[PDB]
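Nothing in this text is a laboratory measurement; each read-out follows from the coordinates by a stated rule. Positions of Cβ are backbone-derived with ideal geometry, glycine not excepted, and every protein chain shown enters the neighbour counts.
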Ligand SMILES: COc1cnc(C(=O)Nc2ccc(F)c([C@@]3(C)N=C(N)O[C@@H]4C[C@@H]43)c2)cn1
């Protein structure tokens, strides 16, 4: 899959995108890779922030579904006209498939002023597709119409500075990680839902009822920047992180994401900030494994601070009302295999993760963990 290595680009905090083509003749677009949604939606009108957009009038293979859909998010929205067309991934498998496309005709707070992507590739399952689960997601169409294997892997490489990485479509590139992959079940095929069974800060268990870690769900989401934690879990984690880093004091607003903290260039005290370990449900009864990230993952650089000359950072762990979200803060530490065929997600140490001479991100197992099924939330 050497053809697909390094096929992701982006700017810090603006997402990771892959090049795709739509229509006949092919129209090239940059598309955000989002494992947290399930629609393929592209700009189709000249929004001023867009480098380019889908022009259905130029595509002889465009087919109109005579249906629209309005997609609101917590902050933002897009509305689109549904259709199908031929889609390919130039630095992906050598195939072309007919896929659903939402031609975005109005939006608010969706496209990013200054970004270099024009659409979104929702890689999750049909249950959360908009308007309903009859709108087949792109990857489902890809696997159904071709011999591409039913899995993909993501290496997101962090540190506006340019980011990169690889989306290996239909397989795994073993050069992108070290050590072994460790797999956790996909609890249910809607989001990429997983179950966290234990949380440690610098090896110190938070000792909460593990149900709190997954209230009301835990997901793997390449389309979210932060590690988002349920409120109660966030409180305990911040308390422990504060205690571990107490040799230096920071305003309450920093831990709440309400202000940055800046240090003189090259003087960030990485060593005073703890590592964070999430134990995930393993493949075997009573067996778990843990993934461990560094402050280099969860203290993110903010480069566009005009009013400062120093190196400023955002605390990128935040509280959530929709459950745990393992966003870029987690994924930038690891090579992540979305093994749809076996309903499991694999983690391994990423060969491109950011670290220092004293600590590295880690994936370790096996551990003995009992009552892991009780950790999952049910209504
Ligand atoms: C450093 O990492 C990242 C990762 N992602 C981004 C990013 O802009 N994502 C983005 C933009 C628009 C948007 F509508 C969504 C939705 C569809 N997807 C997800 N998963 O969640 C929210 C439901 C919204 C996500 C930036 N930086």
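Run the simple label-point estimate for residue 47 and residue 116 please: 7 Å along Cα→C-beta, distance reported in nm.
1.8 nm
Between region 183-219 and region 8-68, what is the separation of their alpha carbon centroids in Å?
Measuring centre to centre over Cα atoms gives 33 Å.
Sequence gap at least 6, Cα distance under 8 Å: using those rules, report the relative contact order of region 228-340 to the nearest whole percent.
Answer for region 228-340 is 35 percent.
In what sequence do 88, 24 fall when counting other Cβ within 10 Å, fewest first?
Neighbour counts put them in this order, fewest first: 24, 88.
Classify the chain as rounded, prolate or oblate from the Cα gyration tensor: take a ≥ b ≥ c as the square roots of its eigenvalues, call it rounded if a/c is under 1.5, otherwise prolate when a/b beats b/c and oblate if not.
prolate
With the cut-off at 11 Å, report for region 255-294 the share of all Cα pairs above it, as a whole percent.
75 percent
Which residues in region 350-378 place their backbone N less than 16 Å from a point set 7 Å from the Cα of residue 283 along the Cα-to-Cβ direction?
364-367
Using Cβ contacts closer than 10 Å as the measure, can you line up 270, 117 from fewest to most?
In order of increasing Cβ crowding within 10 Å: 270, 117.
Could I get the Rg over Rh figure for region 222-345? Both from C-alpha atoms, Rh via Kirkwood, rounded to two places.
1.01
Tell me what the chain gives for mean residue ellipticity at 222 nm when only DSSP H runs of n ≥ 4 count, each as -39,500 (n - 2.57), the sum divided by the residue total, rounded to 500 deg cm²/dmol.
-2000 deg cm²/dmol
Which three semi-axes in whole Å describe the equivalent ellipsoid of region 16-148, each the square root of 5 times a Cα gyration tensor eigenvalue, listed largest first?
20, 17, 15
Over region 16-148, what relative contact order in percent results from Cα pairs under 8 Å that are six or more residues apart?
Value for region 16-148: 32 percent.
Mind sorting 182, 190, 263 by how few other Cβ atoms lie within 10 Å of their own Cβ, fewest first?
263, 190, 182
With the crude spin-label approximation of a point 7 Å out along Cα→Cβ, what separation in nm comes out for residue 24 versus residue 322?
3.7 nm
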